[PDB]
Amino acid sequence: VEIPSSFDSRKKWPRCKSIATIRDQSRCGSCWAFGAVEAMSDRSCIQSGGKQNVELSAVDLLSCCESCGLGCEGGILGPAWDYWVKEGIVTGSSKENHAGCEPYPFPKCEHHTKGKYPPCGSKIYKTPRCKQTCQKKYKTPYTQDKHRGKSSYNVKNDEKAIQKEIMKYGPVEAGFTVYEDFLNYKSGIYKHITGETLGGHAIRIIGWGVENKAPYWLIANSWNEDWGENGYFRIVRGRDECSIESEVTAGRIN
Ligand SMILES: *[C@H](CS(=O)(=O)c1ccccc1)[C@H](CCc1ccccc1)NC(=O)[C@H](CC(C)C)NC(=O)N1CCOCC1
């Protein structure tokens, strides 16, 4: 397949409401779980021809996956996608939207950037308990609100491979190395220039493009709409910038 100079999953599959959604981890290192449930939400819709049109619960995956790492202290992508395939994940919106089986317990906050929400600050919440209980207004039992994948896999660390994957099957989750200068991002095409490592971050790649000959990946961060470019950032594409092409993981419902 020929790869177009630009692609945006929001524009290809606009009936799928989750794709254009920007979420917020709040004061919790749950990026690993957000990147997953976001991409799973997008993909469940894309791959089902719009039959599933849900927001999958971040807290269910964060709190219930025992093999996924340390919860709010950080996680592991392979087991997150495996949990979706084997156990599945229920529905659940942000705290503020109070929708679905298990909405997120934690409120929006500003992540090292200016805005209308309270600053997140440096402290992290304890990983929520695995409650296995839909909110009282949601009239489906927890186990019966589960959405399951069929397969999961890591994507080849090749630019064209990642592009074909996104274009054909939907947004992917991707891990990358976060350096201090990432905290200072307001807009533009990011590359690492200053600052030391802050570990890793997991996000959702929704597309790609090119501006003034500079190619980039287009990515949804999970730090609310006030961070970066209305919740998104762009990063250099084609040079494994901060290992952005080397930790891609996704999966399929069928
Ligand atoms: C999310 C990244 S983040 O918090 O949104 C972020 C932090 C700083 C800069 C930019 C983004 C989590 C943070 C986990 C954390 C780390 C240190 C203190 C508290 C919480 N990152 C992860 O979950 C990563 C995911 C990988 C795919 C990169 N994993 C991770 O941090 N760990 C793996 C499990 O062992 C613990 C560490």
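Below is a table of values for the structure above.
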quantity: Net charge dipole size for the chain [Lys, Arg +1 and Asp, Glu -1 on Cβ; Debye, nearest 20]; calculated: 940 debye
quantity: Sorted by Cβ density within 10 Å, fewest first, the residues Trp217, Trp81; calculated: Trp81, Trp217
quantity: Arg10, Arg237 arranged by Cβ crowding within 10 Å, fewest neighbours leading; calculated: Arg10, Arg237
quantity: Region 30-124 - charge dipole about Cα centre, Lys and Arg +1 at Cβ, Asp and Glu -1, debye rounded to 20; calculated: 320 debye
quantity: Among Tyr117, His201, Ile19 - extreme Cα towards positive end, dipole of the chain, charges at beta-carbon; calculated: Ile19
quantity: Residue order, fewest to most beta carbons within 10 Å, for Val59, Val37, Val85; calculated: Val85, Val59, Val37
quantity: Nonlocal amide H pairs with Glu247, under 5 Å, H built at 1.01 Å; calculated: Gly175
quantity: Calculated from backbone phi, Karplus (6.51, -1.76, 1.60) coupling profile of region 11-25 in Hz, x at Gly/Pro; calculated: 7, 6, 10, x, 5, 7, 5, 5, 4, 7, 7, 10, 9, 9, 5
quantity: By average C-beta atoms within 10 angstrom, highest first, the peptides 186-195, 90-99; calculated: 90-99, 186-195
quantity: Computed over the chain, the ratio Rg/Rh where both radii use C-alpha atoms and Rh is Kirkwood; calculated: 0.94
quantity: 222 nm mean residue ellipticity, helices alone, for the chain (DSSP H n ≥ 4; -39,500 (n - 2.57); rounded to 500); calculated: -5500 deg cm²/dmol
quantity: Disulfide-incompatible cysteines by the Cβ rule (no partner under 4.7 Å) in the chain; calculated: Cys31, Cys242
quantity: Cα centroid separation, region 136-166 to region 233-254 (Å); calculated: 16 Å
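With ideal geometry, Cβ positions are generated from the backbone for all residues, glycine too; neighbour counts draw on all protein chains shown. Bear in mind these aren't lab numbers, they're just calculated from the coordinates by the rules spelled out.
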